[PDB]
């Protein structure tokens, strides 16, 4: 459905809008974080999700939400609590939560 993709697209932009520092909008730079992949099984970020979106890899809402949750859970897992990343993830989880709750309600009436 075009409206499903249209909704998914709008939702991801709302999610990106909460990341005012652009710290989740591209993959973690592995040149700067060489052990990142030692602990994180599946990295995720908003551009990768955008890529999945435009390739029709999100055919249901659950997979979209699951990748969102990875952006947040990865960041909390890897980063120590007293860091800017960890704090930003705690907040994104609450703000992202609400975005995804409203978006899922829209998908329900399709």
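Numbering follows the first chain given and starts at 1.
Peer 1: So, looking at the entry's B-factor column for Cα atoms, which has the higher mean, 45 to 53 or 31 to 39?
Peer 2: Per the deposited B-factors, the answer is 31 to 39.
Peer 1: Between 77 to 85 and 62 to 70, which has the larger average Cα B-factor in the PDB entry?
Peer 2: Higher of the two, by average CA B-factor, is 77 to 85.
Peer 1: Going by the entry, which third of its chain does the Cα temperature factor of residue 90 land in?
Peer 2: Middle third, going by the recorded CA B-factors of the chain.
Peer 1: Considering only modelled residues of the same chain, in which third does the CA B-factor of residue 23 rank: lowest, middle or highest?
Peer 2: According to the entry, residue 23 has a C-alpha B-factor in the chain's highest third.
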